[PDB]
Structures are given as structure tokens and as C-alpha cells.
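See structure below.
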Number of protein chains: 2
Amino acid sequence: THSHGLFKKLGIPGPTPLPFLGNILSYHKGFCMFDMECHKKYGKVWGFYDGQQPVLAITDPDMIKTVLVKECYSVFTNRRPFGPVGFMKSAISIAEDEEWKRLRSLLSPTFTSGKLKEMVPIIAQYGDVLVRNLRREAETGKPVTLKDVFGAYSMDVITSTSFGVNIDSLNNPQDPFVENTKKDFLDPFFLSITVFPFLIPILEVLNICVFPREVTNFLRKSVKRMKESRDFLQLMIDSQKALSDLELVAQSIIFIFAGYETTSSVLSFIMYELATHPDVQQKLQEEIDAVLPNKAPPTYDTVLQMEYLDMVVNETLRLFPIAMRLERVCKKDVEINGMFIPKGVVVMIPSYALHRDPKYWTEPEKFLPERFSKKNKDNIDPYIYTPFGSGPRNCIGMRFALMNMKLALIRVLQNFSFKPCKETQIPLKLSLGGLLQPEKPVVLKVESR
Amino acid sequence: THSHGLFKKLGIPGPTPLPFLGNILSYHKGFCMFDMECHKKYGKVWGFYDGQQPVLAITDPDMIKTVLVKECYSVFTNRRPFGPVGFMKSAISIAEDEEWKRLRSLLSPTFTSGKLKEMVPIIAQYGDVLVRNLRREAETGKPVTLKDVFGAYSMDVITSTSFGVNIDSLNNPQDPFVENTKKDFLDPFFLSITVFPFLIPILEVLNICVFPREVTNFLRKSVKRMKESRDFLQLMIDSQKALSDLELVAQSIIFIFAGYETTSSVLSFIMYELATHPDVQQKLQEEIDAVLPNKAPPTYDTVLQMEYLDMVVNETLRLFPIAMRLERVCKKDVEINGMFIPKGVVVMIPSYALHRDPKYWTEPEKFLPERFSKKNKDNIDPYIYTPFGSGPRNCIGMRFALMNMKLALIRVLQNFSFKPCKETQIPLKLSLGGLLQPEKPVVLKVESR
Ligand code: HEM
Ligand code: HEM
Ligand SMILES: CC(C)(C)OC(=O)N[C@H](CS[C@H](Cc1ccccc1)C(=O)NCCc1cccnc1)Cc1cccc2ccccc12
Ligand SMILES: CC(C)(C)OC(=O)N[C@H](CS[C@H](Cc1ccccc1)C(=O)NCCc1cccnc1)Cc1cccc2ccccc12
């Protein structure tokens with residue numbers, strides 16, 4: 001509790017830090033609730049402490065642009081030191097400074113419009129393996145848990161688009177490439193990571209990691225089997241200033257988690273809103289059958305054509321942005337937009353609280369997809385709606401994620417309807433924990449068309 | 001490297017400790033090899049350091065009796081502080097002083113001759129489920145890996161004799177009660193545990209454990225489902241100064257590992273010796289069919305009748321005693337048998353090196369079961385052959401283990417023969433690591449009678 005006078009000094013407001021803790025007991029209602037309050041209590045800029053670590057929470061559009069886009073290279077290049085990581089030190093979302101810039105380049109031409117359109121026929125082959133697994137349960141009038149069957153698709157899409165491994169993971173729940181894959185910032189351990197960051201080095205010297213030393217060393221070799229037995233990996237092996245062999249292994253892993261629990265979790269958020277807003281599900285099912293008659297197979301070009309679908313995805317991401325907040329470590333005593341920012345301070349943009357501020361959203365907690373209509377889609381600040389971040393360090397797999405999810409919805413809405421159950425949690429309650437996820441796993445009724 | 005002058009002082013010999021390490025780089029050939037050398041180099045008593053931790057290695061029969069049996073309660077009550085353990089602090093093999101003595105009593109009447117004879121009909125039902133899984137592979141002339149099919153029996157015997165859960169684990173490799181269950185003192189981590197014991201408290205304050213916080217909390221509830229849905233557990237619930245609820249959970253866990261990888265690992269050691277000594281396998285198969293004609297089902301009383309079988313088990317345990325060494329923490333500055341022992345020192349008996357000393361064994365590395373014949377079985381010091389330890393803190397499940405393994409061998413040898421393969425590692429090479437286990441998994445040919 002030494003350097004705790006920083007925010008009283010600069011005349012910057014915020015709640016008072018206790019010695020050695022900071023404002024971490026304020027996380028008992030999860031990040032979002034503490035954010036909503038602090039934006040309401042203190043206004044445009046506030047500060048707090050994550051232990052001995054100061055965090056400055058900005059909410060101004062032009063200030064966010066300078067941090068995410070303008071002075072990204074100069075001042076705000078990296079994210080908060082996350083550890084202990086072992087050999088995942090080299091993963092792009094963890095990597096820092098000139099290793100990020102060297103990895104963000106060797107890995108960018110993997111998500112182009114040419115490579116993304118070339119996965120459309122392959123992501124297609126799996127959207128149908130979903131329908132067979134849905135109709136067997138649809139015929140059996142027994143409520144469906146989305147994240148189970150949804151994640152099985154995202155996992156199936158990942159494995160294929162990355163290494164070619166084709167598994168019907170749903171019916172195949174007991175595969176060496178399935179168990180490993182399926183395996184929280186407010187649990188006992190990460191509370192202590194945020195408060196004993198001095199203990200982080202104690203564990204990087206023990207080969208101890210937040211990723212178990214087994215899954216990695218299973219996929220470490222599985223790749224170097226694939227590497228030497230011959231999608232994202234075919235695009236990465238051809239890329240290796242070249243990629244070290246343990247370095248390429250670490251980039252594969254982050255892709256999987258990225259697309260496995262985000263694609264799965266977001267589709268579960270989309271289906272809840274369609275079922276609890278039956279008129280929206282009706283309008284969508286109509287546009288889908290306009291572009292795609294006779295339950296036609298969707299294409300890359302036709303997916304981008306569907307604009308009520310894009311509206312539906314964005315309003316859901318507004319309500320449930322799995323980022324919650326975006327963060328960067330400032331590296332220089334640089335005053336931006338008239339506010340002196342000292343070195344070492346973490347800058348934090350509160351996405352969730354921003355997406356729910358009545359100052360920029362009329363009826364903010366209601367689900368109104370027409371905010372994003374090509375009529376009203378211009379009154380929207382690109383730096384207030386930040387579901388993939390912004391700028392040089394924004395989400396590297398945005399195009400894939402958006403296309404991945406829409407190819408699922410189209411294939412699903414052509415065939416099924418989704419009704420609320422009794423055990424459906426209406427209105428849904430989020431997590432008191434540290435990620436964007438539901439309290440109860442999402443449960444719905446599913447009827448065939 | 002402060003208190004390192006202890007052994008130069010007392011005039012007690014041993015290898016020289018480097019500062020802050022001790023003699024731990026001598027473990028590059030595993031515990032056994034360092035033990036064999038030190039017994040040969042220094043004689044009857046030597047010392048060394050496991051970090052800042054002194055260890056005194058005794059090899060005298062009357063001195064071992066005082067440590068394991070006589071002054072067990074007074075001086076040498078506990079084993080070396082093992083951590084980090086979380087809630088397994090209460091497990092009996094970890095527990096210390098008056099909690100051990102309170103737990104060793106509440107749990108002793110679980111292994112009596114009356115309770116052990118009452119599992120004979122239930123362990124019987126599984127010895128046959130092994131034969132069906134062996135004959136399907138026997139018919140398919142494809143070499144067999146013992147620890148796989150053997151562990152599936154020991155696991156099946158454990159689950160039944162403890163909670164009644166009946167699973168054909170072999171054909172059922174993908175069960176929530178099977179995956180959890182199947183999941184080293186010289187790897188990166190425990191090297192650092194032995195050298196940074198000051199870091200052990202740093203991890204007991206993080207709920208971090210050598211047992212993952214998932215398997216436990218799966219069986220923590222699985223038991224309290226069984227506890228409230230209604231073998232070792234039926235004998236333990238009836239027992240609860242009574243057993244706390246998380247305390248009884250911890251005792252169940254240690255029973256499982258105890259009997260899963262010891263029963264399995266020892267049967268693999270027994271079958272290797274029978275196959276590589278075909279005449280012994282022939283004599284045994286003959287005695288078995290004398291007590292049990294027409295491939296008769298073995299019984300409690302008939303198992304104890306078979307004395308060449310007991311000889312075969314003991315000689316194997318001599319060659320491969322999974323204990324390797326027995327250890328106790330001295331708690332008092334007590335001079336025993338004429339040698340001043342300071343408080344805090346760990347006393348260590350080297351089982352493996354003792355079992356292989358030519359001073360007590362003619363042809364020590366050869367496999368001669370007739371050492372233990374009722375003719376020669378008296379020239380054997382009970383404190384030199386210590387496969388279950390000795391005295392108040394000896395193996396609590398010795399009777400079960402010995403009976404468990406013999407019920408397997410009898411059911412197996414009645415039906416199959418075991419021949420060495422080409423890929424059979426002859427003569428077997430042990431582990432350069434820290435446990436009793438083979439270099440290559442054990443591979444043999446199996447023919448039906
Ligand atoms: C619904 C889907 C997704 C959403 C909403 C999302 C959102 C985000 C956000 C907010 C960031 C941080 C951007 C910033 O700090 O400003 C990020 C980073 C990242 N995402 Fe995504 N993401 C999604 C899916 C994916 C997928 C499918 C991949 C597949 C590879 C992926 C790969 C990455 C990577 C590598 C980063 C780190 C980029 C860097 O640090 O340079 N993401 N994502
Ligand atoms: C081949 C089979 C086994 C062998 C060779 C073996 C050997 C040993 C040895 C050497 C000890 C330490 C004794 C000492 O420190 O002097 C021990 C302890 C123990 N064994 Fe076994 N064991 C076997 C199987 C089992 C089984 C099947 C169980 C089932 C419950 C079991 C339960 C225990 C327990 C609870 C302890 C700790 C006792 C205490 O600390 O008071 N063991 N075993
Ligand atoms: C700042 C603080 C200490 C509070 O927390 C972080 O430092 N944690 C991450 C840095 S490592 C993160 C951890 C990870 C890695 C593999 C498997 C599971 C978890 C990571 O690599 N996830 C990449 C995949 C992904 C995740 C989400 C969207 N798309 C892609 C900061 C961070 C990194 C990348 C994307 C992020 C998106 C939203 C919020 C934070 C993000
Ligand atoms: C002294 C030193 C620091 C080098 O190492 C130990 O402190 N480690 C054990 C103390 S905890 C042990 C660990 C464990 C617990 C659950 C699952 C896996 C591992 C334990 O509870 N295993 C009980 C089961 C068992 C194991 C073997 C034979 N039968 C029963 C010292 C110890 C305890 C009990 C039996 C032992 C037998 C031989 C050698 C050491 C023994």
C-alpha cells in the first residue's frame with residue numbers, strides 16, 4: 001500500500017483503496033456491475049486499484065481512439081501482464097511489443113477475404129452435421145441445451161478450419177482430440193494473481209501454468225505429427241524471422257479457445273433473444289428464406305447480403321460483449337487529450353457498461369435490433385460499440401467469427417424454431433463471476449419446420 | 001546453506017552437499033541407484049541433504065525396529081512433510097500425530113479377517129470379467145500390455161470394494177467415474193518442492209494442490225451422493241470424535257490410488273518374472289490346480305493354503321518394492337541404539353537397496369522364489385524385507401492387497417500362459433525416475449489353456 005496516492009494526487013476521482021487489496025472486493029457483483037456503478041457515480045473518467053496496480057477507466061470517444069488506434073504503437077502497445085504462462089509467452093494475444101508486431105504480421109494473411117471465402121465450403125459440411133444432431137433431439141420433445149450442441153459445432157468448425165481433423169464431436173464425446181479440447185478472473189486463484197503479482201515469477205520458475213502441462217504436450221506433439229504427416233495450420237507452416245516450432249504450437253492453441261467458447265457462447269446468446277423475442281425470429285427466418293429459397297445452402301456472398309442477420313448479431317454483441325472491457329498498458333509518461341498518464345498505468349475501456357449507457361442508447365437494456373438498421377446504423381459511435389476492440393490490436397479473427405456464426409444461424413433458422421421453456425431463465429441473469437456467461441445453462445424448446 | 005555442517009559434526013559420513021541444493025543431483029540415476037551406491041560406499045550408516053533438510057539413512061535391523069516399532073509413538077511418529085495438499089491434510093498417510101492415531105483407529109476395523117473374507121465373493125465376480133477381456137485378446141494373437149488390462153481389474157476391484165460402483169472399466173474407457181480415476185518425485189516440480197519447501201506455504205494459501213481441484217470436487221459430491229443414496233464406504237459411514245464429512249471424502253481418495261496403481265503395478269511385475277522364468281510359471285500353475293481342481297473358483301481359505309503363490313508374491317516384492325524407501329520425521333533429540341539423533345532430522349530406511357544387498361541375499365538380483373520357502377523362510381530378517389513397512393505405521397491395506405493380487409493370479413494362471421515377446425524388454429530396465437515402474441510398458445504373449 002505504498003504507491004496508492006496516485007489518484008488523489010492527479011485530482012482523478014474513484015473509490016478509496018484499502019491497503020494491499022485495492023478495489024477488488026467491489027468485484028463481488030462481477031466486473032460489469034462495478035463498471036456500471038462507477039460510470040454512473042464518477043462520470044467520464046474514474047480510477048481504481050487492482051492491488052498495487054492502478055487502472056484508469058476512460059469513456060471518451062476521441063480519447064479511446066488515441067489509445068486503441070493513434071498512439072497504439074508509441075504508448076499503449078501491450079495488454080496487462082497476464083501470467084503465469086509458460087511457453088504460451090509467444091502466443092499473440094499474450095505476446096508483447098516487437099514480438100506481437102512480428103507475429104501479427106506472420107499471422108495476418110490467414111484471415112483475408114480470399115482465405116475466408118475458401119472455408120465457406122468446409123464450414124458448410126459441418127452446419128448440416130448440426131441439423132442431424134438437432135433433429136434427433138427435436139423429434140424427442142426434450143428441451144435442448146445450446147452451449148452443448150453449439151460448442152460441438154464451433155469445435156468441429158475449429159478443428160476442420162485449422163488442422164483438417166474431422167470429428168462428430170457431439171456423438172463422439174470420448175475422443176483424445178475431444179476430451180483435451182473442451183477443458184475465470186474472479187475465482188480463488190486469480191484473485192491471488194491480481195494481488196500477489198510478485199508471486200507470478202515464483203511459478204514461471206516451476207513450469208507451472210494456467211494451461212495444464214498436459215493438454216499442451218498432447219497438442220504439441222499432435223501438431224508435430226500433423227506437421228510431419230502432411231486450414232489455419234496449412235497456412236501457418238507455409239509461413240515459417242520465421243516461426244519457431246514451439247512458437248507455432250502456441251499460436252494454434254489460442255485460435256482454438258478463441259473460436260470455441262466465443263462462437264459457442266455468442267450463438268447461445270443469440271438464440272435466447274430470438275426465442276424470447278418471437279417476432280424477431282420471425283422477421284429473420286423470412287429474410288433468410290428470401291436470399292436462400294427452398295432452404296438453399298448459404299454462400300459467402302449471400303451471407304454478407306443478409307443485413308437483418310448482421311443487425312441481429314450486433315445487438316446481441318451489444319447486450320453481451322464477451323470482452324466486457326478492453327485494456328492496454330501505457331509505457332510512457334505521455335499526456336493524451338489533456339490528461340497526464342504516468343508510465344506503468346493500465347488503461348481500461350469498459351465495454352459492457354458503455355454498451356448499456358442510456359446517454360448513447362435509448363431503452364438500453366431492451367433488445368431492439370433496429371438500432372443497427374442501415375437507417376440508424378450511422379448514429380453509432382464506432383468507439384462506443386467495440387465488440388472486437390478497435391485498431392491495430394483489435395480482434396484478429398473478427399471476419400471469421402462473424403462469418404462462422406452466421407453460417408450456423410442460417411443453417412439453423414431455415415429448419416427449426418425456438419420457444420421458451422418453463423425452466424428457461426426469463427429474463428436471463430448474467431454471471432456474478434468474471435466472464436460473459438449465463439447463470440443457468442441456456443434451455444429452450446426446439447420445433448422442426 | 002546454513003545448517004549444513006550437521007553431518008561433518010556428528011562424525012557421520014556421506015557425500016558432500018553443495019550450497020542450496022544438497023545431494024539432489026545424485027538423483028539423476030533415481031533413488032535406488034543412489035541408495036545402492038551409498039550403502040556400498042559408506043556402509044551401515046550414512047547421511048545426505050535433501051536441500052536444507054538432513055536425512056539419515058539407517059540399515060541396522062535393531063535400529064530399524066526402534067524407529068518403526070518401539071519409539072514410533074514417542075519420537076518417530078510422522079512422515080516427511082509432504083505438500084501442498086489442500087484438504088487432503090486429513091488423509092491418514094499424510095495426517096500427523098494425534099490425527100493419525102485418531103484416524104488409524106476409526107479406519108482399522110475395515111481390514112479385518114472377517115471383513116476381508118466378506119469381499120472374497122465380490123472380488124470374485126470381477127476376476128472373471130478379466131478373463132473375458134483377456135480371451136478376446138488371447139484369441140487375437142496380438143501382444144498384451146499388462147498395466148492396461150491389470151489396472152482395469154484393480155480399478156474395478158477398488159470401486160466395488162469401496163462404493164459398490166460396478167463398471168467394466170476396460171470396455172468402458174469413457175465413463176465419468178473412469179476418466180477421473182485413472183488420472184513422480186523427480187520431475188521439474190517436485191525437485192523444486194524439495195528445494196523450495198518455503199514455497200509450499202505460498203501454495204496452500206492459493207487452494208493449489210498436487211491433486212487437481214476437479215477430481216476431488218467430482219468425488220467430493222459423488223460420495224455425498226452415495227452418502228445420501230444409501231464396501232469401504234459402507235464401513236466408513238457407519239464409523240462416523242466422529243468423521244467430518246470432508247474428512248471421510250479424503251480417506252476414500254487415498255484408498256483408491258493406494259490400490260489402483262500398486263495392485264496393477266505389482267501384478268505387472270509378477271507376470272514379467274513368470275514369463276521370463278517359464279519353469280516357475282509351470283510350478284505355480286501346478287500348485288494352483290492342486291488346491292483348485294477343474295479350474296475351481298478360489299476361496300479365502302484356499303488362497304492362504306497356496307504357499308508357492310505367497311513365495312512368488314514376496315520374491316517379486318523383494319525385487320520391486322514399490323515403497324523404495326521408508327521414512328519418518330524424528331521429533332525429539334533422542335539418542336537411539338547409541339547414536340544421537342537431533343530433532344527435525346528425517347530418518348530413512350532404503351528398502352530397495354536393502355532388498356538387493358549380497359550381505360543378506362545370495363545371488364541378490366536373480367529371481368529365486370525359494371528364498372521364501374517354509375524351509376528357508378526363517379533366515380529372513382523381518383526388518384530387512386519390509387515391503388509393507390513395519391509396525392504401528394505400516395501399510396494399513398496389506399491383507400487386502402495381498403489377497404486382492406492372489407485372487408487375480410489364481411484366476412489368471414488357471415487359464416492363460418505368458419510367453420516373452422521380441423519387444424519384451426529382457427532383462428527389464430527400471431525407471432531413472434522416482435517410483436517403481438518399468439522403462440517400457442510391459443509387453444507379453446498370452447496363450448489360452
Ligand atoms: C464472437 C467472436 C469474437 C469476439 C466478440 C472477439 C472479441 C475480441 C476482442 C474484444 C479482442 C481484443 C481487442 C482489443 O484488445 O481491442 C480480441 C482479440 C483477439 N481475438 Fe477475438 N473475438 C472473437 C473471436 C475470435 C476468433 C474466432 C478468433 C480466431 C482466431 C479470435 C482471435 C483473436 C486474437 C488472436 C486476439 C488477440 C489479437 C491481438 O492481441 O493482437 N477471436 N477478440
Ligand atoms: C502391493 C500393495 C502394497 C504395498 C507393497 C504397500 C506398501 C506400503 C508401505 C511400504 C507403506 C508405508 C509403511 C511404512 O511407512 O512403514 C504403506 C502405507 C499405506 N498403505 Fe500400503 N501398500 C500396498 C497397498 C495398499 C492398499 C491396497 C491400500 C488400500 C487401502 C493401502 C493403504 C495404505 C495406507 C493408508 C498407508 C498409510 C498408512 C499410515 O500411514 O498409517 N496400501 N503401504
Ligand atoms: C487484463 C487481465 C489480466 C484482467 O486479463 C488478461 O490479460 N487476459 C487476456 C490476455 S491472454 C487471454 C487468456 C487465455 C488464453 C488461452 C485460453 C484461455 C484464455 C487470451 O489470449 N485470449 C485469446 C482468445 C480470445 C478471447 C476473447 C476473444 N477473442 C479471442 C486479454 C485478452 C486477450 C485477447 C482477447 C481478449 C478479448 C476480451 C478481453 C480480453 C482479451
Ligand atoms: C517423503 C517424501 C516427501 C519423499 O514423500 C512423501 O511424503 N510421500 C508419501 C506421503 S503422502 C502419499 C502421496 C499420494 C497420495 C494420493 C495419491 C498419490 C500419491 C500417499 O498418501 N500414498 C498413499 C497410497 C499408498 C502408496 C503406496 C503404498 N500403499 C499405499 C509417503 C508414503 C505414504 C503412504 C505409503 C507410502 C509407501 C511407500 C513410500 C511412501 C509412502
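Residues in the C-alpha cells are numbered from 1 in each chain, the chains being A, B, ... in the order shown, and ligands are numbered from 1 in the order shown.
Proximal residues of ligand 2 are residues 92, 93, 255, 258, 259, 262, 263, 266, 322, 323, 326, 387, 388, 389, 390, 393, 394, 395, 396, 397, 398, 400 and 401 of chain B, by a cut-off of 6 Å on only C-alpha atoms and all ligand atoms.
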Export of prior selection with N, CA and C atoms as a short mmCIF file (atom, residue, chain, number, x, y, z; two decimals), in the first residue's frame:
data_model
loop_
_atom_site.label_atom_id
_atom_site.label_comp_id
_atom_site.auth_asym_id
_atom_site.auth_seq_id
_atom_site.Cartn_x
_atom_site.Cartn_y
_atom_site.Cartn_z
N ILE B 92 -4.95 -40.20 5.91
CA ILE B 92 -4.24 -40.87 7.00
C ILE B 92 -2.75 -40.93 6.73
N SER B 93 -2.36 -41.25 5.49
CA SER B 93 -0.94 -41.36 5.15
C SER B 93 -0.25 -40.01 5.16
N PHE B 255 -7.43 -44.41 -0.49
CA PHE B 255 -7.62 -45.84 -0.70
C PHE B 255 -7.53 -46.18 -2.18
N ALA B 258 -3.96 -45.90 -3.63
CA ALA B 258 -3.24 -46.97 -2.95
C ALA B 258 -3.41 -48.29 -3.69
N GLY B 259 -4.65 -48.72 -3.88
CA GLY B 259 -4.91 -50.00 -4.51
C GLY B 259 -5.00 -50.00 -6.01
N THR B 262 -0.81 -49.74 -7.20
CA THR B 262 0.07 -50.72 -6.56
C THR B 262 -0.32 -52.13 -6.95
N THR B 263 -1.63 -52.47 -6.81
CA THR B 263 -2.12 -53.76 -7.28
C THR B 263 -1.80 -53.95 -8.76
N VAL B 266 2.17 -54.12 -9.40
CA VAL B 266 2.83 -55.29 -8.85
C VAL B 266 2.47 -56.55 -9.64
N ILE B 322 7.52 -51.32 -4.17
CA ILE B 322 7.05 -50.03 -4.63
C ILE B 322 7.27 -48.92 -3.62
N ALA B 323 7.62 -49.27 -2.38
CA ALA B 323 7.99 -48.26 -1.39
C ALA B 323 9.33 -47.60 -1.72
N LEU B 326 11.44 -46.28 3.21
CA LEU B 326 10.53 -45.86 4.27
C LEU B 326 11.18 -44.73 5.06
N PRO B 387 8.38 -54.91 2.70
CA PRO B 387 7.58 -54.47 1.54
C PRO B 387 6.33 -53.71 1.92
N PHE B 388 5.87 -53.83 3.17
CA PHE B 388 4.76 -53.04 3.68
C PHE B 388 5.19 -52.20 4.87
N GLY B 389 6.48 -51.93 4.99
CA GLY B 389 6.95 -51.24 6.16
C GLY B 389 6.94 -52.16 7.36
N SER B 390 6.73 -51.57 8.54
CA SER B 390 6.71 -52.35 9.76
C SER B 390 6.09 -51.53 10.88
N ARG B 393 2.91 -47.87 11.98
CA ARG B 393 2.56 -47.09 10.81
C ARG B 393 2.85 -47.85 9.52
N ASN B 394 2.78 -49.18 9.58
CA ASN B 394 3.00 -49.97 8.38
C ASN B 394 1.78 -49.87 7.46
N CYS B 395 1.85 -50.57 6.33
CA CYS B 395 0.78 -50.50 5.35
C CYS B 395 -0.53 -50.97 5.95
N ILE B 396 -1.53 -50.09 5.94
CA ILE B 396 -2.81 -50.45 6.53
C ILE B 396 -3.62 -51.39 5.65
N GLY B 397 -3.30 -51.47 4.36
CA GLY B 397 -4.04 -52.36 3.48
C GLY B 397 -3.24 -53.54 2.97
N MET B 398 -2.35 -54.09 3.81
CA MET B 398 -1.51 -55.19 3.37
C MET B 398 -2.34 -56.44 3.09
N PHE B 400 -5.53 -56.80 2.41
CA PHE B 400 -6.34 -56.62 1.21
C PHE B 400 -5.49 -56.73 -0.05
N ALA B 401 -4.37 -56.02 -0.08
CA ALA B 401 -3.52 -56.02 -1.27
C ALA B 401 -3.05 -57.42 -1.61
#
### Query
Counting only C-alpha atoms, which residues from chain B have an atom at most 12 Å from any atom of chain A, and could you show them as a ChimeraX atom specification?
/B:172-176,178-180,183,187-193,195-196,198-200,202-210,212-214
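Proximity of B:257, B:163, B:150, B:177 to ligand 4, computed with only C-alpha atoms and all ligand atoms, is greatest for B:257.
Here the DSSP assignment of alpha helix (DSSP H), based on backbone atoms, applies within stretch 20-89 of chain A to residues 30, 31, 32, 33, 34, 35, 36, 37, 38, 39, 40, 41, 42, 61, 62, 63, 64 and 65 of chain A.
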I'd like the neighbourhood of residue A:252 as JSON, numbers by chain, where a residue qualifies if any of its atoms comes within 8 Å (using only C-alpha atoms), though same-chain residues fewer than 2 positions away should be ignored. {"A": [162, 232, 233, 248, 249, 250, 254, 255, 256]}
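Picture a line from atom CA of residue A:273 to atom CA of residue A:311; it runs 12.7 Å.
Distance check against residue A:435 using only C-alpha atoms: of A:91, A:317, A:219, A:186, the minimum falls on A:186.
Atom pair atom 34 (C, counted along the ligand's line) of ligand 4 / atom CA of residue B:164: separated by 24.4 Å.
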*asked:* Can you tell me which residues surround residue B:368 at a distance of at most 12 Å, considering only C-alpha atoms, apart from same-chain residues fewer than 6 positions away, and format the answer as a ChimeraX atom specification?
replied: /B:273-274,277,279-280,308,311-316,318-319,361-362,376
For residue A:142, work out the shell of residues within 10 Å, counting only C-alpha atoms and skipping chain neighbours fewer than 6 positions away, then give it as a ChimeraX atom specification. /A:444-446
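Counting only C-alpha atoms, residue A:144 has the following residues at most 12 Å away, ignoring those fewer than 6 positions along the same chain: residues 133, 134, 135, 136, 137, 138, 150, 268, 271, 272, 418, 419, 420, 421, 423, 424, 441, 442, 443, 444, 445, 446 and 447 of chain A.
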